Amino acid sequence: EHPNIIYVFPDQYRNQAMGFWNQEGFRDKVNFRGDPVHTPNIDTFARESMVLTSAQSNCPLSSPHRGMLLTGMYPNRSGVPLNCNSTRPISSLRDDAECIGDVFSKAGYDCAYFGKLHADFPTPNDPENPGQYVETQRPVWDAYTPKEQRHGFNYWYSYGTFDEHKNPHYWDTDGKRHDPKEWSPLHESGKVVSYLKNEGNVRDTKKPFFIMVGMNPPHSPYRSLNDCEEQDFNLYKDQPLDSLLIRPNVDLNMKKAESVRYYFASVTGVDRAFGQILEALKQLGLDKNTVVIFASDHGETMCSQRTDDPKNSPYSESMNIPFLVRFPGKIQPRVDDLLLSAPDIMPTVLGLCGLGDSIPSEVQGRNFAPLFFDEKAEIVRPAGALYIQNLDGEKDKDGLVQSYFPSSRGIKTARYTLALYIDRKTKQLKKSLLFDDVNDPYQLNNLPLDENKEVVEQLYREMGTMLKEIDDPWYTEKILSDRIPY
């Protein structure tokens, strides 16, 4: 048969926010000082798994990522070019896409989704106050996902988005809303343990399972004890700011900097929650039977580059996501600088569960399962992964976004981060970031393009290839045709 799979992906979690990057072996495999975070469960897990230094969120923003995650397609084809909200009818997960849940399901898996989905355009949808939005907030951010639209998940315990961490809410398989008054991650984790124990007979123990856990923290808020457990907070409470924010690209004097205490608390708590899932696998013997992956949708600046916006930028702090894959006696624990792109996750996870031959044709990403199973595999490693920023385009008579402005395309290679920003009226180069991530890992030194013709010309060629391959708007609109060979 085919093994079980759990994909645990807390929102807004930097690859750099993991203890083990300062630990022996690991710390020699990355250019950065890891954040001073206490993540013991993940640290141990990392010594059992293939660990990437260089997984990329091509569009480091919730819905765009989730769209690539679930469909294995870039944001021009996922259905999901923008963050989902009542402003953006143009952005919602394609009904007609053959998603990760659909393939698993079609192959005999029970599939179960816990926590944040943030992939559907809000509608007056609400199962229990019908013809009504699920919240009053305008714009509307949250959404209910009916059985018709759950792409293979026969077990639902999930919201769209809602950032009260100790007052989260969930719709069950039947559309019943639940409001425990419990810190999201530890509730989500207890709820997963129950599904694993098959309490309430919610699952067929003869079928293998596919689980996704979309934890909200360590995403905003992170201002107070409303937003994390005092237990975790106690570790960072009194620590001076210059010993929490160690990245030399940080402005310690930003109103935001204080938030690091609570970010790290949410990180330590998320680790404790992941811990409960792992122990439940061991205590039930499912540990030997199950592919486990720890990931995020995008990172967090946390005052790095004075950005104030956690993400939606090409900085290593925004693009680089954790990616840890444990599959006992199929994957040797090791570190790998594979440049995995989000749309590669779905086909690679199917590869790993031996459903490589069931990858839908519409999928744009590639199946690196062979490379996970075999260090020494004749498989081509990517040269780069695309940077993508998509903004609101034009609006209609009723003030709704009905198109997207592709504000930035760029590339991350082994050595370089390049990001080109264009103007909405005159599709002309307006700002340009270029970093030598090897010599300038905190991206302090923005390199002029004119002073680097050999390097830039190569980056322009790799962007061209990739943008043409995914049939990206920059390609179809022959944007910067004058520097980018298509």
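Residue positions are given as counts along the sequence shown, with the first one as 1.
The question of which stretch, 131 to 139 or 74 to 82, has the higher mean Cα B factor is settled in favour of 131 to 139. When the two stretches 245 to 253 and 340 to 348 are set side by side, the higher mean Cα temperature factor goes to 245 to 253.
Remark: of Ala295, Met319, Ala377, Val103, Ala377 shows the highest value [criterion: C-alpha B-factor in the PDB entry]. When the C-alpha B factors of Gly19, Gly464, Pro10, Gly25 are read from the deposited coordinates, the top value falls at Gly25.
Remark: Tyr404 belongs to the middle third of its chain, ranked by C-alpha B-factor as recorded. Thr123: CA B factor lies in the middle third for its chain, per the PDB record. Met68: CA B factor in the lowest third of modelled residues in this chain (values from the PDB entry). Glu48: CA B factor lies in the lowest third for its chain, per the PDB record. Per the deposited record, the Cα B-factor of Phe162 falls in the highest third when ranked against the other modelled residues of its chain.
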